[PDB]
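Next up: a single chain in structure tokens, the form deposited in one PDB entry.
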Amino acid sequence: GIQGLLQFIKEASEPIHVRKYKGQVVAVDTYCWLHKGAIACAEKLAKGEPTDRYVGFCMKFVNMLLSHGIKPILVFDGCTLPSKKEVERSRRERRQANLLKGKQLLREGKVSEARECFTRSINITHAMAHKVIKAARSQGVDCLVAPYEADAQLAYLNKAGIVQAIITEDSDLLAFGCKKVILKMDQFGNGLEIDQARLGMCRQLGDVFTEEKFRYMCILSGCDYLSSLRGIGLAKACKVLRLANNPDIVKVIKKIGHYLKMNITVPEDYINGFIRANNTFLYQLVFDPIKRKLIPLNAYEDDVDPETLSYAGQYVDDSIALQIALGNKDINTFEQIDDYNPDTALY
């Protein structure tokens, strides 16, 4: 997530209602609804006690979209991307820590702080997501599990003309290159739409409204793939890309000391990490619903060599990718949990 990005391009936003997309298809980052729905029943999840509140919680939004004449495609997170594995490990550590700390604070009499701590121990499993999948198929709503991050999958679905908008709370989608992103959408249909074409309405951006320059800016500001340099946020990065009339980003990053008038020293780790980040934003593996094949988010440019993009995602046989995408195969144990078939009845 790009920290403070939404406030940064606030001028490119537009308070709309989902009715705007009536008779059209919209893909959804379901993790948001899953998380929020899981907050309501944090105790049950922390104790391991059975629950299904988040299911109905998601079904509220789903049935709402269906009521306003929208066709939603619920997209779920799949395998763990090696690029964002540090953050994953940290989040897991803090999850277990908050779990046990909650289990101990429950004994101090502070039931309030125990549940407050259980709110920060929410771990969205793939079983829950599968409950949501089945519940969605009950209403005939198409579901799709991304090979890796949901972000990339959604980005593909939006850039390939399969969907026109993306419902989410993550500003990461904008960096990937989504045309229209609906944020802050409530249970009634009220959300904030950000159109890429409106990026020109931002004075702070300047000539950084192109997808590539915008990507560079989002990366330099700090992302889940690469921590930003000490003292480099959105405005300074944007300033760099504004003042730099150079297609080669590498030399620019090397002369970041010259562009920003700051005595900046760039480690060798950061250049490689940057190339990694950009290659991850560009060529992260997604799943084509039509051709049923594992493809990168974008067409492989002749610049980069695909054999050095293992961090962007590893390939598998497209049948396995299909069985994962349908949610039939477990993301973790790789074992068959279901046997749903779209043939014998999006694709």
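Whichever C-alpha set is largest while still superposing within 1.5 Å between the two forms counts as the rigid core. A residue's number is simply how far along the shown sequence it sits, counting from 1.
In this entry, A345 and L346 are separated by 4 to 9 residues of the deposited sequence that lack coordinates.
Averaged over CA atoms, B-factors in the entry run higher in 106-114 than in the other of 76-84 and 106-114. For the segment pair 152-160 and 263-271, the entry gives 263-271 the higher mean B-factor, averaged over Cα atoms. The top Cα temperature factor in the record, among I219, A129, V141, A97, falls on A97. For the set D186, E193, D170, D248, the maximum C-alpha B-factor listed in the entry falls on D248. Sort the chain's modelled residues by C-alpha temperature factor and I337 lands in the highest third, per the entry. Per the deposited record, the Cα B-factor of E49 falls in the highest third when ranked against the other modelled residues of its chain. Annotation for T308: C-alpha temperature factor in the highest third relative to the rest of the modelled chain, per the entry. Annotation for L285: CA B-factor lies in the lowest third of the chain's modelled residues. Split the chain's modelled residues into thirds by C-alpha temperature factor. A277 is in the lowest one.
There is also a form deposited in another entry; it is not shown, and the following applies to it.
The only C-alpha among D186, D248, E86, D207 that moves by 2 Å or more between this form and the one not shown, given a superposition on the rigid core, is that of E86.
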